[PDB]
Amino acid sequence: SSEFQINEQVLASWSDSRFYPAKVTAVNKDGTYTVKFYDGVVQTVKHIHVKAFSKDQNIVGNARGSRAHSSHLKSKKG
């Protein structure tokens with residue numbers, strides 16, 4: 001399965017700098033996202049800070065993206 005929604009994987013800009021994998025916890029049509037990083041940290045952020053694990057484009061707040069993947073993550077991801 002490669003369809004991303006609430007309780008499923010996204011790339012979100014971690015407080016460190018840029019994208020890391022995270023679990024969606026909410027999304028808002030206004031243009032915002034709430035995500036939980038697996039380390040145990042939660043925040044609300046914008047579309048400009050979160051996208052699908054598909055590197056190219058978003059597939060929830062906007063629908064231009066398609067099935068793909070990404071090439072940066074934390075080593076303890078599993």
# chains A, B, ... in the order shown; residues from 1 in each chain; ligands from 1
>>> select_by_dssp(residues="chain A", states="strand (DSSP E or B)", output="PyMOL selection string")
chain A and resi 9-13+19-28+32-37+41-46+50-51
>>> residues_around(residues="residue 14 in chain A", least_positions_apart="4", cutoff="10 Å", atoms="only C-alpha atoms", output="MDAnalysis selection string")
chainID A and resid 18:22 35:37 41:43 49:50
>>> closest_residue(among="A:75, A:34, A:2, A:7", to="residue 53 in chain A", atoms="only C-alpha atoms")
A:2
>>> closest_residue(among="A:3, A:16, A:38, A:30", to="residue 61 in chain A", atoms="only C-alpha atoms")
A:30
>>> atom_distance(atom1="CA of residue 73 in chain A", atom2="CA of residue 29 in chain A")
26.7 Å
>>> closest_residue(among="A:45, A:12, A:1, A:39", to="residue 67 in chain A", atoms="only C-alpha atoms")
A:1
>>> atom_distance(atom1="CA of residue 71 in chain A", atom2="CA of residue 27 in chain A")
23.8 Å
>>> residues_around(residues="residue 5 in chain A", least_positions_apart="2", cutoff="10 Å", atoms="only C-alpha atoms", output="list in words")
residues 2, 3, 7, 8, 9, 10, 23, 24, 25, 26, 27, 52, 59 and 60 of chain A
>>> closest_residue(among="A:31, A:46, A:40, A:58", to="residue 13 in chain A", atoms="only C-alpha atoms")
A:46
